[PDB]
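Read the single chain below, which is given as structure tokens and is the form deposited in one PDB entry.
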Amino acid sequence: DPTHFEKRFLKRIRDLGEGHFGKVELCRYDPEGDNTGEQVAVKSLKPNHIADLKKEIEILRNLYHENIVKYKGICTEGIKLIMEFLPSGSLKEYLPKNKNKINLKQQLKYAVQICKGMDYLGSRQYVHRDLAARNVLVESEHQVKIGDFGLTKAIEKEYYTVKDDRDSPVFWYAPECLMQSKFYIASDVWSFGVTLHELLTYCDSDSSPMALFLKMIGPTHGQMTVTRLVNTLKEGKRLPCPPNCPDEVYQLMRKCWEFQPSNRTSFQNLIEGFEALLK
């Protein structure tokens, strides 16, 4: 079985990225021992979320799309997710160091690719729930792929109701996710608009969606922050236009943030939107 990897040949090279429960490392699957094996990205849990990883491994295994990271296999006894290695890392890490390389045309092409990969996920009846630049991987200067699926859940129904909301990226969530933990495909459209903002800002730390919202709502509200974040979304207040971003790209972003899940555009429609701007 080429999808079965033995632990003894999986040679850790370095750490790539880290979440709260999950960890991604660069490894070389080296059966020959001469350090000639292929490099792979390995997802393991930090030392119980074993059940969610197993489900995530099964979601990824059956996802086949050029804008979604390729599943390569597993490593058992207790499981590790084996995927292809994308050396340019995430958009969160890649964009600040490549401003000279990536221009608006390229940013909008990335925008399409994320949309396409997201629209394939939704058509397979899945909600992502963690769509941010940190979960988007860079293949090259021309191609991006959705790199993580840790929060991904199957919609039965227009939505799936979440029980555990503890590591939720609240500054990327739609008001229904914040108010009732209700996740629709439109919730992923809302998160796309936030991911779009990061992308057009080259993922700048000082103008991150969290920081732009803390300046909007007030940074000293502690545990009242989500309520006040919902308060400002209700008022009609949204993330500001990114510097040097044309108003029509900002208009496509504003359509991702229509308070009502039904008033929001679909990914198919966003694809058409950016395609008209690329001609």
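The term rigid core refers to the most C-alpha atoms you can superpose between the two forms while keeping them within 1.5 Å. The first residue of the sequence shown is number 1, and the count goes up from there.
Asker: Determine, among the other compared PDB entries that model residues flanking residue 225, whether at least a third leave it unmodelled.
Answerer: Counting only entries that model residues on both sides, residue 225 is resolved in every one of them.
Asker: Quick one: is residue 48 left out in at least a third of the other entries we compared?
Answerer: Yes: coordinates for residue 48 absent from at least a third of the compared entries.
Asker: If the chain runs straight from residue 156 to residue 157, say none; otherwise bin the unmodelled deposited residues as 1 to 3, 4 to 9, or 10 or more.
Answerer: Count of unmodelled residues in between: 1 to 3.
Asker: Per the record, how many residues of the deposited chain fall between residue 47 and residue 48 without being modelled: none, 1 to 3, 4 to 9, or 10 or more?
Answerer: According to the record, 4 to 9 deposited residues lack coordinates from residue 47 to residue 48.
Asker: If you take the mean CA temperature factor per stretch, which one wins between 159-167 and 87-95?
Answerer: Per the deposited B-factors, the answer is 159-167.
Asker: For the higher mean C-alpha B factor in the entry, choose 130-138 or 199-207.
Answerer: Result: 199-207.
Asker: If you compare 152, 107, 76, 191, which has the highest Cα B-factor in the entry?
Answerer: Highest CA B-factor of the listed options: 76.
Asker: Between 30, 248, 56, 66, let me know which has the highest C-alpha B-factor in the entry?
Answerer: That would be 248.
Asker: Considering every modelled residue of the chain and its Cα B-factor in the PDB entry, is residue 173 in the lowest, middle or highest third?
Answerer: Ranked within chain, residue 173 CA B lands in the lowest tercile.
Asker: Among the modelled residues of this chain, does the Cα B factor of residue 182 put it in the lowest, middle or highest third?
Answerer: Its C-alpha B-factor belongs to the highest third of this chain's values.
Asker: Splitting the chain's C-alpha B-factors into thirds, which one does residue 16 fall into?
Answerer: It falls in the top third of the chain.
Asker: Among all modelled residues of this chain, ranked by Cα B factor, put residue 24 in the bottom, middle or top third, i.e. lowest, middle or highest.
Answerer: For residue 24, the deposited C-alpha B-factor lands in the lowest third.
Asker: Place residue 51 in the lowest, middle or highest third of its chain's C-alpha B-factors, as listed in the PDB entry.
Answerer: Highest third.
The same protein also has a form deposited in another entry, omitted here; what follows describes it.
Asker: Would you indicate which listed residue, out of 254, 221, 61, 54, moves its Cα by 2 Å or more between the shown form and the other one relative to the superposed core?
Answerer: Everything else stays below 2 Å; the exception is 221.
Asker: For residue 141, is the C-alpha shift between the shown form and the other one 2 Å or more after core superposition?
Answerer: The answer is no, as the C-alpha of residue 141 shifts between the shown form and the other one by less than 2 Å after core alignment.
Asker: C-alpha of residue 164: shift of 2 angstroms or more between the shown form and the other one, rigid core aligned?
Answerer: Where the cores coincide, residue 164 still shows a C-alpha shift between the shown form and the other one that is 2 Å or more.
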